[PDB]
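Asker: The structure is given below, and queries will be raised subsequently.
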RNA sequence: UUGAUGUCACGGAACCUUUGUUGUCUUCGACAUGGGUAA
Ligand SMILES: [Zn+2]
Ligand SMILES: [Zn+2]
Ligand SMILES: [Zn+2]
Ligand SMILES: [Zn+2]
């Protein structure tokens, strides 16, 4: 009868399945069909659509139970007392008809001859298998006969590889369908019986079923008995209405990043002023839509929220386009590093690579990866690469012999959360900028997750084997690099709390109980095993060292550190443009922000450092296509056709720092004020010499590489180069961030660390100016550049140090003459417990100057001393001019569209052009939005209209833009390059100089004593005047084309800080009254020393001389630096103290005596380009000339009305004649030190 | 819908290769007004 055993196969792993195939190709010839003879199959009731159920064939169960019977009869006794068994009568009538044949070898427990053909009850194994369609039948299927859309709907497809042991690159791969058991746990089937077999037959069937470990290709317990497309349309319609489609991908990334929880939408970043006009979240608005969607009653589940956000991001991205023993070893796999497993899918096109997430949004540890890693470890221990191929016969090598009885169980995590995302970019060596389209990201799991693990080895020897003992010892030590991206650094599992128990041998009592109780492989079975397991681990019988030696690193940084993360900047509470990289761990269902440095960035820096120094055959080794070759760099690091030998790891900080906000502003080189654009800000981590950041971490090296000679020589050379401060870490190195002091190496056994470890007087001035004792001098004057430039030579690359080039470091000292100010611009109420108050810069209670300000100060001097393009300039500004009553405007009206305007007689039509509309549009732009706050009139020549104005007299509008004034040569070079852009760099071309922060050498000084003479750590307040906007309209008198931009703007040096110190106006002599616009700040007394360093790379002989000349200038001339330079606050002079170069990785040289050759040869290059041009060089020296003794100039800004300041000051009302004219403003400001009075 | 006297798929790691890097001194002085005049 039908012994209907509804054998619920409670899988502990996702069982596998095959894609459906039509009956036409259902034959032995089909490769996919013959391959998929051991997995499940998808039955389709109707072929029009993919509706159906999964089915299971009973032949697979028959094969599995027959194999179990083979093993059990081999193990237990060899022969039963009641009846004697045989090895098994196996024969084929025809080989072709059989789809597959047992190509392995059976067991030989008995040598008794094959049974007679003509017999009925002659041995148990034969009478079970047949030869006497009446025993098994059987088809397992889903419970209740459900219906589903299809195999893709109920599960998913995953792809498996075959990695060669030697190279590492996979050769061939295949796909299969996997289905989880969390919602499909049970299966229902039946097994028949003739009611003829003996009791031992049923006993063999039952205990063989209990003994089976893997069925349907998975370890298991064989237990017998809308409203999103509309949202996407709304967002894309808002973007189309507001245009600016370039931000679609950025918005997609930002809105996909909000899948953590619904609480982050409320705390989205705000405007700089705290308003609600963010440039992305208020483009419409989108913020209101997000808030009211988050407040919806249905979208309260975290799962619903995250999947809705994912759907929105995905749709928006697409729119944008014999003695036998057993062992029960267990343990816990604590993850000490992020891990990644390839589960690439097609739905999430935004992210190329995705981790293997379970259907319940939890992480998975597939058995394939574990088995592959075990294969790698055992093969590299035995030193016998298994060169077997698919099919044939199972090779009898030691590795396969050991692995023919190894099983490992799948595991699942518990930290259910959306995985974080990590970016990656490529760098072009010849330009130092990201390549086109080299922007991609991969999704990575968090760190600090526990995975249960259980190993069941069914051996045939006494105890565990020595190879497996050594492998487990290595794993417990923490040498188990399991997950992928091991070259990057991801994946490192340490077996914690190892606790094993060698179960037994092929006995008849404890083995019988083990068989009786299902082998304790279920959850409760695992519990009552763990209650009796014994701690410890067996010792190795013959220990072998691992092939991966650990190296420690201790990097010390003495400056702020920054690592970019643009996507994370769109969700932080503060609206900062650039923020440091942050990683999240798993601290018990918590995500603490942990600051770290990207292992990818560190690996890239090391790779570039080792690449730049070596020389293969005269080529730089960077421009080589590589591909297939045997370079040293390829051999060490790896290429597309070979795995690497070095693995890096993330570096963390040995402190608890918190970010500090800095922000910069660009300055136009002609107006002297802010250039608008965007006040970009950054939040670099804090770091100072007093409390330097201690970066600590460790990377791994292969033992063969360490033992090799040339490889360790290359590594030592690269480490020495990094230690010499030539490859700063992090980003924004051109400002001063990411400077490195030292790099110690330990644990290398003294194999790599062994390789690594009269200033000429300045010249005298020659300029001469005549300062009067009564004349009043204007604050700022203009310097005119040359007509043309020398934008001819091609810039040098960054592939390798070429012959005749120079590289090193420069030390200098800065001493202030006049009072210096560097406001914080962070806290507005420091002195004031409305009015604004600021103090001097402070990082760690150690006052210093930022390096970017010095960068700008010296870059301006270089750009003016050698003619070059205006690097920062605004070329979109229309200038109006309020005209006077000297004109011939005619009346008219604008009502008839198409017919344009018409004339009037009292107090036959003219067409209007389209350009005239633009002038009217901008005319009513600050007419209403003034700071100090349809009948029309038109013009004509014969049929055109020149200008259109509302009122009888108003401001004439300029036709050509401001940018079309100066010559084409001086216009900015956005992308051969002018000499200034060659050195400091460009948006496309990286620079070749680096600056750094300043620091003190003596105790501080202050202009005024503090509120209480308690300590010198703080200064006192001083009242400033009113700082007011510049206006180019004064420099450009009118609309005539003859007027053009004169050049650059500079402030002369004078002594007016005395007047500001006490309550006297710089001009009218009155006291400064309290008001919301006035300013109060701190001040340092003149005479404070400072010190800072400059680095350089790949400089010509003449270029280096110019930079030193452009930096120090010469005694008697000083730069200008600080706040409120109009009133003469802050003058600094740079004095060189040491110049160092480098000749080789081992040898450095103090080239202190060679500077006269460079300085002398610097002017030689000037004669080559410009022969007789010296006025613009001489004019610069006149502007920066310092007031010597008893030559105090009088500098002030005159006011409007002469009646004001009755001392005799002439105001601007009557200054527009005699002294200044309409046609003399440009030339009057040409000569420096020209008194207006 | 499994078709019987043979399935080591417990015969296979989405594995390999790429620095969110570059370019910006928290800087700062001149007017604003529409008519007046006017048949
Ligand atoms: Zn037999
Ligand atoms: Zn083998
Ligand atoms: Zn190569
Ligand atoms: Zn240029």
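Residue numbers (UniProt numbering): 1 to 132, 146 to 238, 260 to 318, 328 to 364, 399 to 834, 843 to 918, 930 to 982, 988 to 1008, 1226 to 1251, 1273 to 1314, 1340 to 1601. Built from N, CA and C at the ideal position, the CB exists for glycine as well.
Give the single residue among 538, 557, 539 whose Cα lies nearest to the Cα of residue 547.
Answerer: Among 538, 557, 539, the Cα nearest to that of residue 547 is on 557.
Asker: Take the Cβ of residue 945 as the centre, count every other Cβ of all protein chains shown within 10 Å, and call the residue buried at 16 or more, exposed below.
Answerer: Per the 10 Å Cβ criterion, buried.
Asker: Does the distance from the CB of residue 192 to the CB of residue 168 come in under 7 Å?
Answerer: Yes. Within cutoff.
Asker: Check the DSSP bridge columns for residue 739 and list the partner residues they point to.
Answerer: Looking at the DSSP assignment, residue 739 forms a beta bridge with 759.
Asker: Pair every Cβ in the region 263-271 with every Cβ in the region 357-364, then say whether three or more of these pairs are closer than 8 Å.
Answerer: Contact holds: three or more Cβ-Cβ distances are below 8 Å.
Asker: Using DSSP with H/G/I as helix, E/B as strand and the rest coil, what is residue 962?
Answerer: The answer is coil: DSSP assigns residue 962 none of H, G, I, E or B.
Asker: Does DSSP classify residue 793 as helix, strand or coil?
Answerer: Three-state DSSP puts residue 793 in a helix.
Asker: Using the beta-carbon count (16 or more within 10 Å), is residue 1494 buried or exposed?
Answerer: Result: buried.
Asker: Quick check on DSSP: helix, strand or coil for residue 782?
Answerer: Here residue 782 sits in helix by DSSP.
Asker: What does the alpha-carbon distance come out to for the pair residue 703 and residue 1342?
Answerer: Rounded to the nearest angstrom, the two C-alpha atoms are 34 Å apart.
Asker: Sorted by chain position, which residues of the same chain lie with C-beta nearer than 7 Å to residue 641's C-beta, five sequence neighbours on each side aside?
Answerer: Hits under 7 Å: 655, 808.
Asker: Please confirm whether any heavy atom of ligand 4 lies closer than 6 Å to the CB of residue 1312.
Answerer: Correct: residue 1312 has its Cβ closer than 6 Å to ligand 4.
Asker: Do the CB positions of residue 1356 and residue 963 come within less than 7 Å of each other?
Answerer: Contact: no.
Asker: Which ranges does the alpha helix (DSSP H) cover as unbroken runs of at least 4 residues, wholly within the region 38-101, from first to last along the chain?
Answerer: Fully enclosed alpha helix (DSSP H) runs of 4 or longer: 58-75.
Asker: Pick helix, strand or coil for residue 955, following the three-state DSSP scheme.
Answerer: Three-state DSSP puts residue 955 in a helix.
Asker: Which of helix, strand or coil does DSSP assign to residue 220?
Answerer: Helix at residue 220.
Asker: Write down the C-beta distance between residue 521 and residue 501 rounded to the nearest angstrom, noting that I regard them as a contact closer than 8 Å.
Answerer: That pair is no contact at about 11 Å.
Asker: Return the chain-ordered ranges of every alpha helix (DSSP H) run that is complete within the region 519-605 and spans a minimum of 4 residues.
Answerer: DSSP runs (the alpha helix (DSSP H)) wholly in the region 519-605: 543-554, 587-593.
Asker: How many Å lie between residue 468 and residue 108 at the Cα?
Answerer: Cα to Cα, residue 468 sits roughly 23 Å from residue 108.
Asker: Just verifying my parser: in three-state terms, what is the DSSP assignment at residue 280?
Answerer: In the structure shown, residue 280 sits in a helix (DSSP, three-state: H, G or I).
Asker: Under the assumption that residue 262 contacts residue 296 (Cβ atoms under 8 Å), give the Cβ distance between them as a whole number of angstroms.
Answerer: That pair is no contact at about 16 Å.
Asker: From the DSSP output, read off the bridge partner residues of residue 500.
Answerer: The partner list for residue 500 (beta bridge, DSSP) reads 518.
Asker: By Cβ distance, which residues of its chain are closer than 6 Å to residue 409, with the 5 residues on each side in sequence left out?
Answerer: 527, 573, 574, listed in sequence order.
Asker: My assumption, with CB atoms under 8 Å, is that residue 739 sits in contact with residue 772. Please give the rounded CB distance.
Answerer: No, residue 739 and residue 772 are not in contact; Cβ-Cβ is about 21 Å, not under 8 Å.
Asker: Rank 992, 1425, 957 by C-alpha distance to the C-alpha of residue 1344 and give the top, closest one.
Answerer: Among 992, 1425, 957, the Cα nearest to that of residue 1344 belongs to 957.
Asker: Put residue 267 into one of helix, strand or coil per three-state DSSP.
Answerer: Residue state, collapsed to three classes: helix.
Asker: Would you say the beta carbon of residue 706 comes nearer than 6 Å to a heavy atom of ligand 2?
Answerer: Answer for residue 706: no, Cβ out of range of ligand 2.
Asker: Does the Cβ of residue 1342 lie closer than 6 Å to at least one heavy atom of ligand 6?
Answerer: By its list of ligands, the structure shown excludes ligand 6, since it contains just ligand 1, ligand 2, ligand 3 and ligand 4.
Asker: With C-beta atoms as the reference, is residue 11 less than 7 Å away from residue 352?
Answerer: No, Cβ-Cβ distance for residue 11 and residue 352 is not below 7 Å.
Asker: When you compare the region 1540-1548 with the region 1390-1410, are there three or more beta-carbon pairs, one atom per stretch, that lie closer than 8 Å?
Answerer: Segments in contact, no.
Asker: Once the 5 residues before and after residue 488 are set aside, which same chain residues still bring their CB inside 7 Å of it?
Answerer: Counting only Cβ-Cβ distances below 7 Å, and skipping sequence neighbours, we find 442, 528, 529, 530.
Asker: With which residues is residue 896 paired in a DSSP beta bridge?
Answerer: Answer is 1457, 1502, bridged to residue 896.
Asker: Could you tell me which residues DSSP pairs with residue 992 in its beta bridges?
Answerer: For residue 992, which the question treats as bridged, DSSP gives the partners 1276.
Asker: Quick check: the region 939-954 against the region 1507-1521, are at least 3 beta-carbon pairs closer than 8 Å?
Answerer: Counting Cβ pairs under 8 Å, fewer than three are found: no touch.
Asker: What residues are listed by DSSP as bridge partners for residue 932?
Answerer: Answer is 1443, bridged to residue 932.
Asker: Name the DSSP beta bridge partners of residue 458, please?
Answerer: DSSP output for residue 458 lists no bridge partner at all.
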